[PDB]
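Visitor: Below: the sequence, then the experimentally determined structure.
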Amino acid sequence: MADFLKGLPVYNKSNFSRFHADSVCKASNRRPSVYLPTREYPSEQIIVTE
Amino acid sequence: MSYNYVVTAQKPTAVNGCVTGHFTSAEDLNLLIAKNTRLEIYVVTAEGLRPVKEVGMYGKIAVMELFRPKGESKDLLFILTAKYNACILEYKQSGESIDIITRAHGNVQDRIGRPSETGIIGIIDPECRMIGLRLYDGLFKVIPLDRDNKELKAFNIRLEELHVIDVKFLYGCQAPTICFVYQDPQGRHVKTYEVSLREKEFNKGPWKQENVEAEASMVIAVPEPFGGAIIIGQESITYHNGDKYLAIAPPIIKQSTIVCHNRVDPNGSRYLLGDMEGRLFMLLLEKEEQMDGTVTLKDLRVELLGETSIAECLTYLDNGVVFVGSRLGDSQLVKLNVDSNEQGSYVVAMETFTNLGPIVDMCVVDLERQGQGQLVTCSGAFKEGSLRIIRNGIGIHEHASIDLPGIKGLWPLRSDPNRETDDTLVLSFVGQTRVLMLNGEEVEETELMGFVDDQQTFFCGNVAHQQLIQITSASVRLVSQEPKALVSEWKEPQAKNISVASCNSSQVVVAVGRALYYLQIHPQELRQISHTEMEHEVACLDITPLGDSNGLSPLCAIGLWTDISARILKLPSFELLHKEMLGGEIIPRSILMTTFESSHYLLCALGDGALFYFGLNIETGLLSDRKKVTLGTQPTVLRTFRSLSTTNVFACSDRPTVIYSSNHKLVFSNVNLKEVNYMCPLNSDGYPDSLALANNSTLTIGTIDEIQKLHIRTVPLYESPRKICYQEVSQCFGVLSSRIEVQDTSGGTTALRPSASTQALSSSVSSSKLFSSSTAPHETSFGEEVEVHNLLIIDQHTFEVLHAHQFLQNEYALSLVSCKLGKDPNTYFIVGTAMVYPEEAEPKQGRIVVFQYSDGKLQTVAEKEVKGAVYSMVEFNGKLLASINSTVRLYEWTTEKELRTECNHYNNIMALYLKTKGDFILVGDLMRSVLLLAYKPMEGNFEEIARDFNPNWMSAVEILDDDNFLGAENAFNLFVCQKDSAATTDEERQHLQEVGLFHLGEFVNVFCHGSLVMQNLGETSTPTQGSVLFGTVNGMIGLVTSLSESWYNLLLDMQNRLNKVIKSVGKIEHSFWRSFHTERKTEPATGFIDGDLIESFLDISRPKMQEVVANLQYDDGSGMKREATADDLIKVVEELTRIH
Amino acid sequence: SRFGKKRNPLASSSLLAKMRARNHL
Amino acid sequence: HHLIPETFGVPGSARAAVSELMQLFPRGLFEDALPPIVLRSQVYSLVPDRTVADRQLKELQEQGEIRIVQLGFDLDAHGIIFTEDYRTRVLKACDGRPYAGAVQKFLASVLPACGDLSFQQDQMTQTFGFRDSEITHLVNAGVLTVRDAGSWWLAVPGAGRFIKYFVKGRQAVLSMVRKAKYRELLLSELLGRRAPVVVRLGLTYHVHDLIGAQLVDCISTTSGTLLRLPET
Amino acid sequence: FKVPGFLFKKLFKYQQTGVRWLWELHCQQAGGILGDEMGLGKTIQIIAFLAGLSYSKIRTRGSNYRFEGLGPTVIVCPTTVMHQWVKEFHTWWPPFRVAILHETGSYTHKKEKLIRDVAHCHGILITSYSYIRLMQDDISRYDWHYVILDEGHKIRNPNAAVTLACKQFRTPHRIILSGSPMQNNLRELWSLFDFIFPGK
Amino acid sequence: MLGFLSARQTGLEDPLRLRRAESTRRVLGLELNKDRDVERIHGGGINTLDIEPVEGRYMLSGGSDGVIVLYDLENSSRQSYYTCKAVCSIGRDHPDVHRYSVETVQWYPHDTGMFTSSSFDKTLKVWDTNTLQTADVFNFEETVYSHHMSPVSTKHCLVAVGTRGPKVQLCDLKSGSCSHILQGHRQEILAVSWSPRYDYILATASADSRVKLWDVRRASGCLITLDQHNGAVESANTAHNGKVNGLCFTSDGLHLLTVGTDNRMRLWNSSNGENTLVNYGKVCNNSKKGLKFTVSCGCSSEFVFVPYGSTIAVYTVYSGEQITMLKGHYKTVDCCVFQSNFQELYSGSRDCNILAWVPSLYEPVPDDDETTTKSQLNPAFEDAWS
Ligand SMILES: [Mg+2]
């Protein structure tokens, strides 16, 4: 046993708790849906070079 | 000009960088992954990485850092592009609308400067006071970061240290202090400076300058408890903090260079390290808390956790997980367990993300002779090396498969009226019917009452009033669902057999040769409504309802034997509403009414495997827009199904094909399966949303994959593949590959791992007199690394390595061709080689080796020693054309089976690339751009027709046609050269003109002719000529193809309109991104349409399409120019999307 | 024209035009 | 090991070099009145990388270990002198002389604080508070010589004896190479030859100067180091 | 550079343009002739610019003039307009310390000490041309930041001693106010430009 | 090589590394006229050369005969050996020709349609390249040693002129102004050079042994005087113990090289004038007139090519290391110019040759089975001890 990998940082106990190895359950919903904006807002600041 | 369309067939896959922070909310754990030009956002969840958004950028993402200025609630994102665009992106959200807000943007290019050999470095101060960029030698660029200013004002500070290796800001400093490693003739040194924003000067830093290891390559800044910097070299790790110093020299590091690091903890106790071999280390800082309560570093302790994919970047996530971003191999999600497994690894892999990696070479093969090509690629390097087989087509995931020969029909059934999901499956057989109950995953053959098994069945299913129906050859039988008891039976008055039947939830039509009968389904009653006898014997029927009809169709569709017609009949009267003569000689074997989107269709398929489709008027029964597609060659059986929200169609044949509408136009996506003769949907508790599919040997039940979606099969080699070619007569691939071996104490070499070349069924080692008699031996130190090169013969069906031929020691195999030569009927593998020695800047020797693959062995047929490296070879009109350093040479193949030199051309610096078309050779030089030669048969010589005199450093070339030459260039640009038609002098005739210029943003390794879309749609309607695929270092696959002048001018104006209307990120101008760019020159793009912009317009809100198309004049081909509607350009862009 | 057809600012042709107009009538 | 070495086909410190050359100096020839002088040229004979040599010399100047003085017999003629020798010999020469107090002031104030080869009257008058008569005392002491109106070189008393012997010895030893057969002479043979009566500073000291000044080329041979007149 | 909003609002657009032109000259470190016809209010443009310099605390780059603002200014004018300059300063930018070097000036000690005081505290010295011609040393000894020649056509003879004395000022920020840059000859123009931009 | 090609194809190394490495290897392989002559049009020495910055196809030449020759450098023949032919010439038959030796030719930095020439006949001329007619002419009291146009200035079109007079002159081609003088130097001004980084910063070198940096926008006088000892702004500073006769900024503009008749070359920080203390040894420089020399671009090492008597010395700028002596000319070399695209050096000398120095890394390769069409072992390469 590695004594040194004990107590790795725990941020929420249930994260990755339902990581199913049956990857077919992910195979369909795998991909993020493309973002394509058409609303806009003005920017708060500009970068200029002196 | 000449007019080209360039589009991405596959998005770059290599991970250039990653970062983790709370970008999307203050509470979410995000992972941000930079793929080249292609930012993307995941959270971390209970299910691992949940996607969120994916974004594109008009730029190669060079720097990506998260930071949080005081008074921001969540992290802002700084991005620097390789063209030196900057922006401070912010995420925000309004329900389901997610908009990346550009917070600040600009550009930070110097007008003049020498880009640094270690690339763009970008660092942010721990207190968010400033960003530091190292773009050019001798300068450090500071972007102040602030709050009350509406503007952040990049200035610039002179370094005296010109060759800076790595830089970080230090933690715990009251003024922003950089620590950096730099090189001088006296060696590498570590140094510090304070930065003054008020004086815009470096001030003397907190530490003395110190010497460091000559290969010190990384600076890690340790957080506040320790402070200081860790410098990592090839042999030592050293901590520096003022007067404090520690050094360790772990022997476990010395085998491979450490290239990436990540902090795995808030305070610096646990950094991860990754090496070029793919080993993962855990650098483990040991604190001492002193008696005054201050903390000091006591020791450094390097540890070995395992092997990953070769890592470009690392990130730790949560509870034990690490993302491993790779360029050379698949990116990984891996855990760290605390208990070493039996092999000594703590690393355990969880997920793998497909990287096409460095595509070093590729080829297009119609492996199934279907007329639809597949790409086979040489992907990755070292232990990550693989073949990838890319196919365009719809897939299926199989949930069950059963040995059930002779299936003749498929229907779902639900025995329990209280379920919504299915529970039963019914099968039909020659003279018999059988039923499978679906106890979740468990499938068992069972008897259902009321149904009959000793007769063949042509339909069964659930029907109105909580009832079940079966239609046999003998009778139509209606069963009460809860009692499972027969409640009505209908039989023909003379007991003649039913020959055709069709049914819906509420109605039945059955055929008895020419006699039709129409039944309504009622509570405990099959009620015959009317009867008719057709002119000709009935072949197929449908009564599937359409539109808002309340479960009763008003229309019947019918197909007949003798006249080969499709017809629409009004159900209660059998009134003929339309008659369509299909023609030919083969009967309609299937017919299907269906709805796609808002549009109603009739589908019909002939026994020869052709299909016809028609738009169906559900109110008048008229057929419209008659069109025909050759789906297959077997009698093709159509079925509907519902998948997600949409009704789609399936064609059961030897070429399973899906029919659906995209933007009101039907799409035909072939499926990744050999044969399915019957299919139907299924939705059981074990097999939800599923399709049953069956053949003459197996039944298969599974969920169908998504649309048009490229499928990648991986064949891992564990060694770097260099070249591939296909030999149809042997049904195998020749693959060049190289493996690294270490020099052993015995003076031989030892493999680091097993690999494809070490594991063939048969093997051979080359022997030759040529170099062994003509050169002195050469040697290396113990442990020095050597490349061993092989020719692998790979079976096209299994991709087993059938043979491995190992080349001579120090022999590098560079070029491979498969061809017939001369009048010789045999097909050969020809390999061009070079002899590589540590002392020589360029190979002085090499050979051309001709092999025959026959009887499972590889035979050497001929060898030609040559005085150089054989960089490229091509078959040229039965001869072999080879480039040997600066020389291009043509070889005849003689009746004695020897190569004989025909002619030479010498006016090159280094002839790296050759392509040919007819008598023309296009030569791509290392630095003199492209040259066009012609072979002259009457003279037996080359003539130098023309060359491009621009100093383009070439990466690849292609001949698009007899006039247009495509080139790819060292700075990620495409250009097209053209032979000048306006030339008057013989000087002007020799100048090729650059007519196309385009910044692709990718490094192109390979061009080849082909397409992944099926060619059989051989209409003349194609707006687009030719198809050249290209492969890239970042694993992006693109497509170049030629437009007409009219389509070019249309799409060019459509780009200019979209650029006013589509928003970007960083507010990079699109024209700036696509501008041709080198350190010498920048020029705007010409002669290229960016298909990735054009195809985006399909993706907007229709108000924006109307703003785009406003006042545009469009010609549909009639010449009757009109104000373009949105639907006109929707059809144009739809037609463009079907090319890839 | 053999020269001035491509830029590497005021174009040569307009600077030349100013110089000529300044030195002619 | 396998990429970076392909990029192109292409350890004695200045402090060690100075300390070795300083022993070649014949202290008795001047009754030790001169502090031992090493020329900057000679340092380049032992430290062939001239840039590294110059930078290490500049760092020795900033520690105050050495003084650089212009000797004026040639454009590059810089003498390198240890500060403690210089200071001791000058104070020993000033004992009870009339200029002595101004020289004690100079060695206590200017030289601890300045590395310059030359001083301007602005600095001398306002920063160090020298009276115009004290500059005259320094010139009489030989610690300064007039460069131009209101400007002075730092100097070494009695440098003329050394400079005389050096200039004549240099021409003598260079002529020994020029007159020998083929204009070639093996270094071991030269150093074994009975030095001319003109070569008062010694023969090794001059070969190190000549090599550093690039007045003669060394050629390596199987016979050892060979001196040549350069093709110039 | 910033002008206080209450001061910039009080100016006509041509006076605003003049303040911008003065700033572009300050960035170039060139002089200029504000040659506007009589009545257009040249003095307001000057005072508004100097107020802007003092207000915006312009930190001089790369040079020994490490003021953070306006250093000592001398204005040279006819005696008949000295008190108008003082009144305009005390109206438009009260924070300045404006002192007349003249017998109509309020100072009680010897006039040598006034110039030291106005140099030390970065005031505005107002002088006649005759004192510039007579007190050449005691004036030009100091590092003046701006020299303004009002009615600067008084230095139009290049051989006149007032002209030679005015050209002794070391600052690059030399400004002339004159309704007539030239009156008789192009030589007068030469003399004014040789003050404003020597060697141009 | 094959290592670089593999590393580039796999994305292990940035494409920059192969390109800079091979460019450096080519500079190390320069050989005299290996593939290429230049046509002898001049009868006098070649004072000045300038390769066109846009395409690098054309080279202007000026000579002691007063002729200006325009050359085409591209091989529009199909042979592996060719002559750089003269496209056109402003010969002694031309009406506008210079009366005395032509000491600097420069292309207009922004397009090829105009160029400038200066001569010891005290003129600067502006030429229309398509017609070879002068568009404007400037006259001076004293012989012009040097002129330069700013390589990066788009805002202004100023020609700095150095003459035997002590004052630098500035001609504005837009306005036609030539009145503006800079008044800091005390003897003839032998080299002038605009910064490639900053529009307004002009370096000037003189026989007074001073190099001064100017900001020509100012009424203030010069910014910096280079002091070779690093200690004070003007009163005594000298860059050399001799005449300073050549300037060349490094290609990034961050340093200025200077050469002078003390036979030393010195490297300076251009932002403050600090002598960087790089030592190159003896660099022979007897020239009593301006010396034109050049740095490389786009190599892994920055090289400097400097006339060294009749040879061209090559140094590594930062290391001080002497790399080679290019040993072709028969009289003192007066200028050399570097073709950045292909790493080819051109050199002018008082021997009236223009010589091309070209990377000669390896030979055309034979096939051993050929009878006579081989890459011939010419008998001039053979020994004959019989
Ligand atoms: Mg007035």
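Guide: Looks like it came in fine. Numbers count the residues shown, from 1 in each chain, chains lettered A, B, ... in the order given.

Visitor: Residue B:988 touches residue B:980, doesn't it?
Guide: Yes. Contact criterion CB atoms under 8 Å: residue B:988 and residue B:980 qualify, at 6.1 Å. Placement of C-beta: from N, CA and C, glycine included.

Visitor: Residue of chain D closest to chain F, please.
Guide: Residue of chain D nearest chain F, by CB to the nearest CB: residue D:50 (3.8 Å).

Visitor: Report the contact partners of that residue.
Guide: By CB atoms under 8 Å, 6 or more residues apart in numbering or on different chains, residue D:50 lies in contact with D:44, F:279-281, F:320.

Visitor: So how do I select the buried members of these in PyMOL?
Guide: Per 16 or more other CB atoms under 10 Å in any protein chain shown, the buried members of the contacts of residue D:50 correspond to this PyMOL selection:
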select buried, (chain D and resi 44) or (chain F and resi 279+280+320)
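
Visitor: In JSON lines, list the contacts of residue D:50 along with secondary structure and distance to residue B:710.
Guide: Shown next, in JSON lines, are those (DSSP: H, G, I helix; E, B strand; the rest coil; distance: CB to CB, whole Å):
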{"residue": "D:44", "secondary structure": "helix", "distance to residue B:710": "67"}
{"residue": "F:279", "secondary structure": "coil", "distance to residue B:710": "62"}
{"residue": "F:280", "secondary structure": "coil", "distance to residue B:710": "60"}
{"residue": "F:281", "secondary structure": "coil", "distance to residue B:710": "64"}
{"residue": "F:320", "secondary structure": "coil", "distance to residue B:710": "57"}
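
Visitor: can you map out the helices along chain E?
Guide: With helices called from DSSP state H, chain E shows them at E:5-8, E:13-28, E:42-56, E:82-92, E:111-120, E:129-134, E:136-140, E:161-166, E:186-196.

Visitor: Next: chain D.
Guide: Assigned by DSSP H, the helices in chain D fall at D:14-21, D:40-46, D:50-63, D:83-94, D:100-113, D:121-122, D:132-141, D:159-179, D:187-192, D:203-212.

Visitor: Could you check how many residues crowd around residue E:14?
Guide: 11 (other CB atoms under 10 Å in any protein chain shown).

Visitor: let me redo that: residue B:635
Guide: 18.

Visitor: So which of the contacts of residue D:50 is the closest to chain B?
Guide: Ranked by distance to chain B (CB to the nearest CB), the contacts of residue D:50 are led by residue F:320 at 9.2 Å.

Visitor: picking that back up, among the contacts of residue D:50, which one sits closest to residue B:1067?
Guide: Proximity of these to residue B:1067 (CB to CB) peaks at residue F:320, which lies at 46.9 Å.

Visitor: Residue F:278 is in contact with the closest one, correct?
Guide: Yes. Counting by CB under 8 Å, residue F:320 touches residue F:278, with 4.7 Å between them.

Visitor: Could you name every residue contacting both of those two?
Guide: residue D:51.

Visitor: which outside residues touch the helix or strand where residue B:153 lies?
Guide: For residue B:153, the host element (DSSP states H and E) is strand B:151-158. Residues from elsewhere that reach strand B:151-158, judged by CB under 8 Å, 6+ apart: A:45-50, B:86, B:88, B:104, B:106, B:108, B:110, B:138-146, B:195, B:200-202, F:254, F:269, F:271.

Visitor: Over to stretch B:476-493?
Guide: Outside stretch B:476-493, the residues that touch it by CB under 8 Å, 6+ apart are B:414-415, B:417, B:448-452, B:462-463, B:466-471, B:474-475, B:498, B:501, B:508, B:510, B:512, B:515, B:517, B:519, B:521, B:524-526, B:528.

Visitor: of these, buried ones?
Guide: B:414-415, B:448, B:450-452, B:462-463, B:467-471, B:474-475, B:498, B:501, B:508, B:510, B:512, B:515, B:517, B:519, B:521, B:526.

Visitor: From those, which land in helices?
Guide: Assignment to helices by DSSP H places none of the buried ones among the contacts of stretch B:476-493 there.

Visitor: what lines up beside the helix or strand hosting residue B:849 in the sheet?
Guide: Take DSSP H and E as the rule and residue B:849 turns out to sit in strand B:846-854. Using DSSP bridges, the strands paired with strand B:846-854 in its sheet are strand B:827-835 (antiparallel), strand B:857-866 (antiparallel).

Visitor: my guess is residue B:336 contacts residue B:320, does it?
Guide: Yes. With contacts defined as CB under 8 Å, residue B:336 counts as touching residue B:320 at a distance of 5.1 Å.

Visitor: Give me the common contacts of these two.
Guide: Jointly contacting residue B:336 and residue B:320 under the rule CB under 8 Å, 6+ apart are residue A:8.

Visitor: Does at least one residue of stretch B:906-919 sit close to chain D?
Guide: No. Remark: stretch B:906-919 sits outside contact range of chain D, by CB under 8 Å from any CB of the partner chain, the gap being at least 15.1 Å.
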